[PDB]
Amino acid sequence: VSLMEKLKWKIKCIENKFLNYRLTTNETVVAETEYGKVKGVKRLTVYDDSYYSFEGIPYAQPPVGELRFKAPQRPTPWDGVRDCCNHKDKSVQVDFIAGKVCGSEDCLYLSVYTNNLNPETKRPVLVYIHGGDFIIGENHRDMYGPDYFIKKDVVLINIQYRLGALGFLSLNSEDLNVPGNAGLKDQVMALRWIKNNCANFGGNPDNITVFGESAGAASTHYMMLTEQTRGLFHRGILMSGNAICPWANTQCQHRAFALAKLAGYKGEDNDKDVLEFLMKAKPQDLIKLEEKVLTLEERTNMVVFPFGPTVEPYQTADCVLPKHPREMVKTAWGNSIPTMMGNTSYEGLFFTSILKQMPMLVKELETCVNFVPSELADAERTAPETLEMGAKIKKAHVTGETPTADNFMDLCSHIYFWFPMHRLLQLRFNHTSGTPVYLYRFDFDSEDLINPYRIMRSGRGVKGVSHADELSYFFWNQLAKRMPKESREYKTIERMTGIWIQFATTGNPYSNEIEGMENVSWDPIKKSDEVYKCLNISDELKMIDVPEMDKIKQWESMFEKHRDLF
């Protein structure tokens with residue numbers, strides 16, 4: 001991020017602080033939780049809607065001291081009234097714009113928002129799990145403001161969970177009780193809190209929907225796979241990701257030693273001594289060094305992040321992932337709940353900045369061998385069969401004589417999003433009994449309403465609908481502005497939140513009450529379908545054949561002689 005954008009961001013942070021003061025009313029309210037009373041505050045939106053805001057509700061003990069790297073523990077109850085009129089810290093992380101470490105280990109909180117604490121009927125509860133590659137993100141309203149959803153009669157809940165090495169360290173030694181996935185166990189404990197407490201805020205514990213984007217979509221999917229959460233919620237929405245994406249898990253059991261060494265550890269590679277060192281380290285030091293953890297060999301093997309969701313090496317009471325997610329799909333409780341999945345129309349545009357800095361990346365399209373799924377490729381990526389598979393990827397995406405950056409970004413849309421979605425749909429059809437799944441495609445481009453991901457990706461003036469561009473139509477954020485009621489952006493807010501609320505309510509995303517949806521016939525995907533149909537959201541709402549289908553089929557063709565691995 002440029003120094004100039006960094007200055008613009010600082011200005012926006014200050015402006016947003018004072019706007020949030022002007023949107024705060026003097027009306028506070030007390031609600032009950034199983035652990036004690038909480039005080040929230042009535043806030044306005046720039047559209048003059050209003051909602052009650054409770055932030056900083058603990059769902060677990062602060063994971064500090066001996067609780068670092070452990071599964072979350074239930075919080076201690078309190079007498080009196082806990083002040084929930086302001087947000088808490090985010091999980092320790094490198095700030096996505098300033099580039100310095102921020103946050104706190106004391107981050108296991110959720111926020112609850114609703115326009116009416118005593119409604120006439122119990123309401124759909126929507127639970128948002130943020131993305132950020134399991135290393136950044138937060139539930140702060142400067143990025144995830146509830147202002148658009150609270151126009152309608154729902155309860156919206158935004159959770160935090162531990163990130164990075166503090167959320168995803170994993171050690172083989174059973175005696176140490178650090179099996180991995182602490183951050184996913186945080187999500188489990190938050191969902192249990194929601195089931196047990198949402199009624200105190202007007203919510204229906206029999207009608208909970210979990211949704212998330214990017215790593216939040218992978219997280220939502222993990223919450224639909226694990227036995228830990230069986231029956232806790234009733235619909236799921238996977239926005240640009242899922243748990244079988246190549247980036248969504250990793251075996252990181254040997255990386256604690258590498259992290260300790262970078263932090264000054266002088267001892268031998270045994271889990272007990274490594275853990276003792278990491279338990280004493282300052283959390284900022286571990287998080288700052290995480291970018292250096294992967295070895296030359298792991299980078300060569302195209303591991304993207306050192307710490308993240310992992311297959312746990314031994315069983316514990318709180319175990320989330322006892323097997324690879326592909327195997328977990330075969331017995332998953334969440335295969336039997338209504339599900340919606342989708343992507344944007346140019347996901348890979350997210351990588352524009354990386355390609356401008358490292359233009360030699362386009363040379364990987366010469367043979368495309370590095371994009372062949374690892375389960376199909378030989379170790380050296382030189383086998384004739386591997387070259388043939390790469391040639392199929394190349395034909396799918398290299399449209400002219402010379403490979404281009406746009407070809408590379410189109411490939412990225414498929415390797416990271418569309419192809420894993422296809423593989424999941426086809427795996428899941430084998431392990432479900434007719435429970436519907438619905439596809440959307442977000443295809444609405446505008447620079448009049450944006451979100452901070454555009455700044456992170458250096459995407460000013462860049463046309464096309466990148467990964468995460470849809471979040472501007474779901475959540476208020478500090479770069480947003482009030483839009484005219486007749487504007488294409490305003491209508492897109494109403495449509496996107498309206499469809500999500502309709503799906504959360506009924507398990508069917510169609511409603512004739514959504515403007516532009518009157519003539520939509522949105523069928524879920526059938527096992528016998530050869531071409532997927534999706535609702536394409538542009539300036540209009542239209543059912544279409546997925547434009548990406550032909551390229552999806554070309555990727556699938558690499559498995560013709562290895563169908564057991566598809």
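S.K.: Help me understand the UniProt feature "domain: Carboxylesterase type B" (unreviewed entry) in the protein chain in this model?
M.R.: Those residues carrying the UniProt feature "domain: Carboxylesterase type B" (unreviewed entry) are residues 30-543 in this numbering. This span, residues 30-543, is 26% helix and 16% strand, and a straight line between its end C-alpha atoms measures 45 Å.

S.K.: Would you mind going over helix 11 (residues 384-397) with me for this structure?
M.R.: Over its 14 residues, helix 11 runs 20 Å from end to end, which matches the ideal 20 Å to within 8%, given 1.5 Å per residue. Restricting attention to buried positions, one finds in helix 11 the residues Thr386, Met389, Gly390, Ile393, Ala396 and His397. For helix 11, the angular spread of buried residues about the axis comes to 110 degrees, placing them on one side. Set apart from the buried face of helix 11 by more than 90 degrees, the exposed residues are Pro384 and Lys395. In this structure, the buried residues of helix 11 make contact with helix 12 (405-428) and helix 15 (549-556).

S.K.: When you look at the packing of helix 3 (residues 182-197) against helix 4 (residues 215-225) in this model, what are you seeing that I'm missing?
M.R.: Relative orientation and spacing of two packed helices are given, respectively, by the angle between their axes and the distance between those axes. Two elements in contact, helix 3 and helix 4, have axes separated by 11 Å at closest approach and are oriented at 70 degrees. Considering their axes alone, helix 3 and helix 4 lie roughly perpendicular with respect to each other. In the packing of helix 3 onto helix 4, the handedness of the crossing is right-handed. Every residue of helix 4 that contacts helix 3 at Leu184, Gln187, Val188 and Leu191 is listed here: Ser219, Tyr222 and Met223. Here the contact of helix 3 with helix 4 is built from residues that sort into 5 nonpolar, 2 polar and no charged.

S.K.: Any chance you could explain the environment of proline 72 here in plain terms?
M.R.: Within the fold, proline 72 resides in the loop between strand 3 (50-58) and strand 4 (81-83). Of the residues examined, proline 72 reaches a relative accessible area of 8% and is grouped as buried. For the pair formed by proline 72 and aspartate 539, sequence separation is 467 residues and the distance between their alpha carbons is 44 Å. Once you skip the residues sitting within four places of it in the chain, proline 72 turns out to touch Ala60, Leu108, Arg162, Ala182, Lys185, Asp186 and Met189.

S.K.: Just checking my understanding: could you explain the pattern of salt bridges for this structure?
M.R.: Any two side chains of opposite charge can pair if their charged atoms end up close together. Within the structure shown, the criterion is met by 28 salt bridges. Among the salt bridges present, the one from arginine 441 reaches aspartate 443, with a minimum N-O distance of 3.5 Å. The salt bridge partner of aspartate 539 is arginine 488, with a shortest N-O separation of 2.7 Å. Highlighted residues: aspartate 539 in the loop between strand 14 (533-537) and strand 15 (541-545) and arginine 488 in helix 14 (residues 488-506), separated in sequence by 51 residues. The class for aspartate 539 is partly exposed, based on a relative accessible area of 41%.

About the cut-offs
- A chain's residues are numbered here from 1, following its sequence as written, a convention that may not match the entry; residues for which no coordinates exist are omitted.
- Computation of side-chain values: all heavy atoms of the structure, hydrogens and water removed.
- Residues with missing side-chain atoms are left out of burial classes, side-chain pairs and their counts.
- UniProt positions are given in the numbering used here, feature names are shortened, and annotations may be inferred rather than shown by experiment.
- Under the DSSP-based scheme used, a helix requires at least four consecutive residues in state H or I and a strand at least two consecutive residues in state E, with every element numbered from the N terminus.
- An expected span of 1.5 Å times one less than the residue number is assigned to each helix.
- Here the term buried applies to any residue with accessible area under 20% of the maximum for its type, exposed to any over 50%, and partly exposed to those in between, with areas from a 1.4 Å probe on protein chains only.
- Regarding the arc, it is the one traced by the directions from the helix axis to the C-beta atoms.
- Pairs of residues are marked as contacts when any of their non-hydrogen atoms sit within 4.5 Å.
- Axis definition: a line fit to C-alpha positions, over the contact stretch in the case of helices; interaxial angles, taken between N-to-C directions, run 0 to 180 degrees.
- Each angle is binned into one of four classes, with values under 35 degrees roughly parallel, values over 145 roughly antiparallel, values of 65 to 115 roughly perpendicular, and all other values oblique.
- By definition, turning the near helix anticlockwise from the far helix through less than a right angle yields a left-handed crossing, and turning it clockwise yields a right-handed one.
- Here the term charged refers only to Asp, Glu, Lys and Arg, the term nonpolar to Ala, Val, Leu, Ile, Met, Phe, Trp, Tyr, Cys and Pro, and the term polar to all other amino acids, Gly among them.
- Counted as salt bridges are all cases of a side-chain nitrogen of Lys or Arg within 4 Å of a carboxyl oxygen of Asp or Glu.

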